[PDB]
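Quick notes on the structure that follows.
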Protein chains: 6
Amino acid sequence: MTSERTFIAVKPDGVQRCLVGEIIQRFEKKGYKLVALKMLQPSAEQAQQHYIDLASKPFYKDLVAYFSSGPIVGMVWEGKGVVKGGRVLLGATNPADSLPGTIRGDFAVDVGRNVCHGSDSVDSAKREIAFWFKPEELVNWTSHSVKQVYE
Amino acid sequence: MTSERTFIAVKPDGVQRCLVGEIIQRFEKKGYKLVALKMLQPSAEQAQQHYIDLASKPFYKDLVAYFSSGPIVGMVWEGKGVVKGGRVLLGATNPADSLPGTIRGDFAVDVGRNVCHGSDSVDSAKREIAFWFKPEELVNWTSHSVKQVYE
Amino acid sequence: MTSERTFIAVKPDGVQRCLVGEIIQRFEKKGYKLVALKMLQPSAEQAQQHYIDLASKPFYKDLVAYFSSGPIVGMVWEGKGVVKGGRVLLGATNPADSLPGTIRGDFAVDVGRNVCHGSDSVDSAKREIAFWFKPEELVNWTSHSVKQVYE
Amino acid sequence: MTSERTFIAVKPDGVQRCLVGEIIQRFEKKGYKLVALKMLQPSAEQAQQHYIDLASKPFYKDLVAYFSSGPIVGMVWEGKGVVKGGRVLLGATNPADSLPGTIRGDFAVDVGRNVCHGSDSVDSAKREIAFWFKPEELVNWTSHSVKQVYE
Amino acid sequence: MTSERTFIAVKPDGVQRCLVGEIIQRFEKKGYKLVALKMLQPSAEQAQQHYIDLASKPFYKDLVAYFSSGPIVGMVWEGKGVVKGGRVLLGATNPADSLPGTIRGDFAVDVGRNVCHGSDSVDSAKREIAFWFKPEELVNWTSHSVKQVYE
Amino acid sequence: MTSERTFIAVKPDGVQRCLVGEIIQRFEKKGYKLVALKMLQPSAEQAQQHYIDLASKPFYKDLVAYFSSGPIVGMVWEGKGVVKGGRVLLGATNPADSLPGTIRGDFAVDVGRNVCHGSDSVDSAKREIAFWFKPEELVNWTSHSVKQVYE
């Protein structure tokens with residue numbers, strides 16, 4: 001019933017290189033609806049609870065310090081199976097395994113600077129929604145293409 | 001030598017989402033000679049003969065009903081392996097399986113709303129050109145860049 | 001006045017340099033509904049009545065020949081200020097006078113090869129629509145975002 | 001001069017016309033830096049307070065109605081001549097007078113649904129951001145091509 | 001007049017800002033023929049002589065120093081009025097004065113970093129060709145689409 | 001490593017199909033810095049040493065004639081995995097098997113007219129850098145964005 005949302009956010013290196021628009025159009029062109037959208041410097045504490053599962057790895061400190069290094073576009077988006085679909089639309093986390101046509105395969109090159117963050121699962125979707133977003137900031141509304149998008 | 005000719009009809013949603021230019025641009029910069037075109041409101045009776053292969057299937061009334069909900073560009077392209085090759089350009093029928101870089105993967109989401117159609121084979125194509133288009137609607141010409149596309 | 005129509009034609013050189021897609025996209029992305037679309041080589045006979053206003057001009061001999069030399073993407077576009085806005089989108093008659101952002105301004109060099117026509121008036125438009133297309137060829141529907149193009 | 005700021009908002013017709021990325025893109029591709037960006041349904045008193053200058057207006061109640069009939073994108077952008085120049089990007093108030101290559105010239109037919117609003121002067125700009133944005137939301141950062149934007 | 005050439009040089013900031021191809025595509029799509037190209041670092045005795053009209057100006061040193069600070073892509077561009085057309089495609093000397101769709105209006109913001117140079121006269125081009133390019137690096141060929149661009 | 005340089009040569013069909021701009025702008029958005037870029041109608045004698053290993057093959061001759069039927073744009077792109085990833089940017093040598101979103105995938109149809117050329121190894125890149133270029137043509141500077149594409 002088209003119920004999934006997925007958190008989508010452009011990392012500093014993409015935003016720093018004028019990619020906020022393209023990534024935004026890419027989802028709009030897929031047939032995805034926006035729910036909430038901002039531009040925040042994620043604080044050291046936030047990125048850490050965000051990357052809580054990556055807390056024990058050696059590359060971890062460099063990841064959040066990079067992730068905190070500048071203001072990020074946080075977003076929610078709406079589609080069916082959006083989490084897997086955004087994940088396909090993003091490509092593989094290492095922009096080397098991702099084919100061109102996917103975003104990271106198109107704009108990034110190295111895994112440390114991979115343009116964006118998209119939720120790995122449903123469990124990840126909701127947690128990343130509760131974390132970056134207040135409940136009221138997710139606006140409910142109808143896209144005008146809806147019936148020509150969904151059956 | 002005369003080439004394979006596909007039959008590519010852009011669906012009611014495709015025109016309605018305003019990618020006729022985006023779509024025509026693809027078979028174009030690829031190297032294909034469009035040999036026949038018109039924009040029509042496809043008759044239910046006309047549609048029925050198109051999906052005559054399934055006239056026993058249940059969604060059949062909804063398909064004919066939806067395929068008549070908006071206008072169609074009824075197209076004919078030329079090129080070596082244009083039927084399979086256009087299907088290569090299009091992606092798989094279901095857009096979630098469609099690789100970005102394609103028409104279906106780059107622009108839409110849903111299968112009942114997969115933006116455009118193409119004959120699955122020459123045999124299907126050859127029936128599909130003769131049905132939607134009059135023989136004189138098929139423009140016979142040589143492009144000024146035939147020699148640079150073809151050896 | 002959303003109901004107003006015009007007539008664009010990509011001329012022989014227009015297809016032959018492979019710019020059909022770029023042209024069609026710009027009219028699409030602006031927010032007009034394509035109503036009728038085809039591809040034809042005009043018989044010198046058809047080119048004549050289109051130019052019957054200049055059948056007595058000095059360049060009528062060349063103008064017919066230039067128009068008959070290639071196939072043509074015959075088009076009917078719909079919506080508010082589609083006549084005036086469309087011609088402006090094409091730019092000046094001479095592409096030497098055509099501005100950046102224009103089809104002739106971005107892609108062409110000579111008035112002898114100005115790549116494209118756009119209805120100079122409603123009078124010419126409606127005559128040009130009736131002249132190229134049957135009514136059973138104009139496909140009347142509604143854009144999913146028309147309510148967002150239109151009040 | 002370089003730290004001059006301006007207010008631009010896409011109205012309801014824009015967001016519901018899937019133009020959000022395209023409007024952002026012509027500024028970012030222009031090379032103006034994003035300062036603050038949020039998606040909001042502006043309230044009755046708010047919509048009135050922005051047009052408090054138009055309080056004695058017969059099209060006021062309907063303007064309040066439209067500006068509130070859909071979601072809005074309230075944006076901030078920084079750079080030299082960002083106030084004057086941004087207006088040139090949007091085009092003039094009438095979309096029929098907005099020139100090919102401007103936002104309004106490329107994406108709209110009528111003044112009443114003109115997709116985008118721009119600060120008209122420096123004084124107005126600070127008034128339009130100070131009313132619409134909180135102080136902490138206005139982001140301080142530096143684009144990697146600042147030295148390649150500016151002397 | 002179809003045989004005219006012009007010198008277009010993408011400036012150090014042009015090289016640095018990821019735009020070399022987009023620049024080439026802009027002449028290429030317009031209808032212009034690449035005559036010659038190289039990627040060099042222009043010497044001080046090169047730039048001073050290139051600009052000997054500006055060798056005595058109060059900004060002469062820092063001018064040569066900037067234009068010497070990064071590599072430049074020297075181009076030679078052929079066609080009917082390629083000099084007069086090319087400057088127009090590029091935009092005005094002042095990118096604050098440069099309009100949408102020009103090289104300077106779309107990418108740059110301030111004159112001291114105006115991304116691109118265009119021959120201002122036939123005399124200046126042939127000086128700008130002979131001083132910048134060797135006799136043999138100037139390619140004589142006919143484009144396969146010349147007949148579709150000219151009469 | 002980070003410093004690796006690859007060779008790219010754009011085909012005669014490439015200049016002629018109006019694509020050199022699309023080719024370079026693609027490598028630029030990637031994170032790659034242009035180290036060398038030149039243009040020439042190449043001698044048959046050249047096409048000999050680049051294609052020396054095949055000199056006894058029956059398909060050598062038409063090959064030399066084609067790579068000599070038009071001009072060529074020779075490039076040297078810098079970046080991590082420029083040879084390896086860059087090929088994925090081109091697609092498979094046969095544009096027919098090449099996935100759309102790639103270069104030969106987005107524009108070419110038949111392998112005999114395959115638009116561009118990328119190095120196949122570390123070994124060939126260094127020979128091809130030796131062949132198309134004098135050492136003085138290679139330019140040494142820093143892209144203002146390096147610290148953001150890289151760690």
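All of the numbers you see were taken from the coordinates with simple rules; none came from a lab. Here Cβ is always computed from backbone atoms with ideal geometry, including for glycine, and neighbour counts include all displayed protein chains.
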Taking only the alpha carbons of the stretch E:24-84, the radius of gyration and the largest Cα-Cα distance, Dmax, both in angstrom, are 14.3, 39
For peptide E:66-73, compute the average count of partner chain beta-carbon atoms within 10 Å of each residue's beta-carbon. 3
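Considering all alpha-carbon pairs of the protein assembly as shown, what whole percent are spaced by more than 50 angstrom?
Percent of Cα pairs beyond 50 Å in the protein assembly as shown: 17.
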Report the Cα centroid-to-centroid distance between the stretch D:103-151 and the stretch C:53-69 in angstrom, as an integer. 50 Å
Sorted shortest first, the nm distances from the D:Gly112 label point (7 Å along Cα→Cβ) to its counterparts in the other copies are 3.5, 5.0, 5.0, 5.8, 6.1
Once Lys and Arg are counted +1 and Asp and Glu -1 for all other residues with Cβ under 12 Å from that of F:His50, the total becomes -2
Averaged over F:9-19, number of beta-carbon atoms from partner chains that fall within 10 Å: 5
In Å³ and rounded to a whole number, note down the convex hull volume per residue for the Cα atoms of the stretch E:7-151. 112 Å³
Rg/Rh for the stretch F:1-56, where both radii come from Cα atoms and Rh is the Kirkwood radius: 1.03
Average other protein chain Cβ within 10 Å of Cβ, residues C:111-121: 1
Mean shadow area of the stretch E:70-141, taken as a quarter of the surface of its Cα convex hull (nm²): 5.7 nm²
Would you please give the residues with an amide H less than 5 Å from that of F:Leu99, counting only those at least 5 places away or on a separate chain, with H modeled from the backbone geometry? F:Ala92
Would you mind working out the magnitude of the charge dipole of chain D relative to its Cα centre, with +1 at each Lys and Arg C-beta and -1 at each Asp and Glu C-beta, to the nearest 20 Debye? 200 debye
Per-residue ³J(HN,Hα) for the stretch B:108-123, Karplus 6.51 cos²θ - 1.76 cosθ + 1.60, θ = phi - 60°, Hz, x for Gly and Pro: 10, 10, 9, 6, x, 9, 8, 6, 6, 10, x, 4, 6, 8, 4, 3
Rank by packing, highest mean first: peptides A:126-138, E:27-39, with packing defined as the count of other Cβ atoms within 10 Å averaged across residues. E:27-39, A:126-138
Provide the per-residue ³J(HN,Hα) series for the stretch A:82-94, in order, calculated from phi with Karplus coefficients 6.51, -1.76, 1.60 and θ = phi - 60°, each as a whole number of Hz, with x at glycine and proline positions. 4, 5, 5, x, x, 4, 5, 5, 6, x, 5, 3, 7
Considering amide H positions built from the backbone, and no H for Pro or chain starts, which residues 5 or more places from F:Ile72, or on another chain, come under 5 Å of its amide H? F:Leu40, F:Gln41
Quick one: putting +1 on the C-beta of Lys and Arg, -1 on the C-beta of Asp and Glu, what dipole do you get for the protein assembly as shown around its Cα centre, in Debye to the nearest 20? 20 debye
What are the nm distances, shortest first, from D:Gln41 to its equivalents in the other copies, labels at 7 Å along Cα→Cβ? 3.3, 3.6, 5.9, 6.0, 6.7
Descending packing, highest mean Cβ count within 10 Å first, for F:106-119, F:44-57 is F:106-119, F:44-57
Students often get this wrong, so check it: of B:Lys30/B:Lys134; A:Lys33/B:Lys30; E:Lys80/E:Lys126; B:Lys29/C:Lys61; E:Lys134/F:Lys38, which have C-alpha atoms separated by over 24 Å? B:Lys30/B:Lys134; A:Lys33/B:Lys30; B:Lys29/C:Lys61
Looking at the axis that maps chain B onto chain D, which chain B residue has the closest Cβ, and how far off is it in Å, rounded to a whole number? B:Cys18, 5
